[PDB]
């Protein structure tokens, strides 16, 4: 028994905020805006996992209206989600993720995001892939108004 999940998220890039993607703080002059730390990649990972076990989405579990979510660490949120997945009787098969951003260049941070995600999913780094693509200056990600992310996850009984 295998189950699939998919996640998609978008956050605005703005002046007065830290950039945290995949649990890793990137030195940058813009960061992501949200109620929590706005880590678009960990929200997308969390969404894919919840999706795979039929448990809705991060908004159902950590709504904005509740200020426990306010400035929440999304790695801790992911850990809570992974708790739900474990309770269903699953472990990670593998995950594959895409950061969609014109800038910054994510390549130097990728290996540390893979480790961090793997730690949050209680898995080996070889089960976690993270990649990045621009949109060649097209669309809202192309004009650097925001950063999007996608993930697909395969989980299995264990």
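Numbering follows the first chain given and starts at 1.
Annotation for 92-100 versus 63-71: the higher mean temperature factor (C-alpha) is found in 63-71. When the C-alpha B-factors of 46-54 and 104-112 are averaged, 104-112 comes out higher.
In the PDB entry, residue 129 places in the lowest third of its chain by CA B-factor. Annotation for residue 22: C-alpha temperature factor in the lowest third relative to the rest of the modelled chain, per the entry. Among the modelled residues of its chain, residue 136 has a C-alpha B-factor that falls in the middle third according to the deposited record. Sort the modelled residues of the chain by CA B factor and residue 147 lands in the middle third. Among all modelled residues in its chain, residue 38 ranks in the middle third by Cα B-factor.
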